[PDB]
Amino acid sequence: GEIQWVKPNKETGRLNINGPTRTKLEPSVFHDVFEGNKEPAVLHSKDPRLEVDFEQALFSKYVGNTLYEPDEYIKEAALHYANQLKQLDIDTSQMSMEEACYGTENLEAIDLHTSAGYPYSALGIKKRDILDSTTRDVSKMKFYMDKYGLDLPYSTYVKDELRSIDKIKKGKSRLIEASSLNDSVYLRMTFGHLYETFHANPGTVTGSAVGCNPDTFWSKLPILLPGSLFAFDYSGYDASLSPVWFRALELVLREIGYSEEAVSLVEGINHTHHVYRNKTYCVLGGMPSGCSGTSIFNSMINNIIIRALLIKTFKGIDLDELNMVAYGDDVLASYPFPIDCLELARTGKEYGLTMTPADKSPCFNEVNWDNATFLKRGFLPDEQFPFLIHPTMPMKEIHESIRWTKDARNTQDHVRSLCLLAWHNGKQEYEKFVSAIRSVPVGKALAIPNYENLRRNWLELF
């Protein structure tokens, strides 16, 4: 991805989009009980903590584009994935507006507790003023679709969250691109059925882990990804995508039977316009973080990417012997013979992709089930039933979460949630957690889940 131009909102006619500049995050009653190295992200140009110009680090993620036009490797890769998806029998027909707005069995309704985007967010119009879960009223929507149209600009905000200290000094906060409700609606009407399919089939056919539950999914993966694991991280995946990958995606949608009218929506995300404060800017390439389809489209593209990298880097790759699962840029993949990711990354560069070793090390060492992680969790065989696999969220990350809070009103729910993540690390580790929580007055007032009950309830999932 690359910024093409920046223009004053005066020159473009766009309304100013201003977001909050102070964090909702405050130290919690456990801040000093547990160790951590994360603080609230920088939200403001003159955060005392800054060591670089803020807006320059913010947008530094747009590293540029290399390829615009799929070569033969990318074409073949897009095709292998497309034929694999055909067995899913995706409904390529347009989903009704009612379903797209208000939900189906396999697609959650448009979030109503969340902004309605450009231009409503400036006009003081919220989603609730247009949509109604009880009515399933589609009439006011179909009016605003024809008042403001489609292809409205993304409203850019800085994401309020914890970031490592390195990331706070270096102004490396994350942006989110608020979608216009109009595009969300239209993207959902066009691809809603493909969302449904993907949500109901996490696994190695979709190649996607969207819709998976780690408590039960982790036991399938060593069976879904047989052979030798390989994995790696991307730096700045979304923003690093060159337009070629959106061309590639158009190939996949076309092949599985999408109409040329529907395939044409992809350029709509490859080429996008954003409002940040008082300026308008145009981005070519890069997935816009906050549009409808972000997870699934990123996951689909990864499926294309891993394939193309394999057959351009190595001789005699059989793509039918590749098994992989993606969740956006997160990947776990397997092949009958070990894959050398040092070489994939070299190829990755030629495609404008920045790939680094999985273990966060600077060498591409071996990846195995003992040290693989996916969605931040590891894989730990149960000591009693080894075919069942614990997803192990590191206590380090759990300690990070518990030290802060956006509203201490909800300390109970927060701590319980963390305990449902933490027990998988084992009885000894969990009780060390719990007793540390008890070591403090608010702690002795919380209801904490019993280890053996957590384990008992986990075993009955099977």
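All residue numbers refer to positions in the sequence shown, first residue = 1.
- Higher average CA B factor: 167-175, of the stretches 213-221 and 167-175.
- For the segment pair 247-255 and 136-144, the entry gives 136-144 the higher mean B-factor, averaged over Cα atoms.
- Sorting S417, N37, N425, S28 by the CA temperature factor given in the entry leaves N37 at the top.
- Considering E76, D382, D129, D330 together, the PDB entry gives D129 the largest C-alpha B factor.
- Looking at the C-alpha B-factors along this chain, the one for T66 belongs to the middle third.
- Sorting the modelled residues of the chain by their CA temperature factor places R409 in the middle third.
- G149 sits in the highest third of its chain by CA B factor, as recorded in the PDB entry.
- Split the chain's modelled residues into thirds by C-alpha temperature factor. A447 is in the lowest one.
- The entry lists a Cα temperature factor for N9 that places it in the highest third of the chain's modelled residues.
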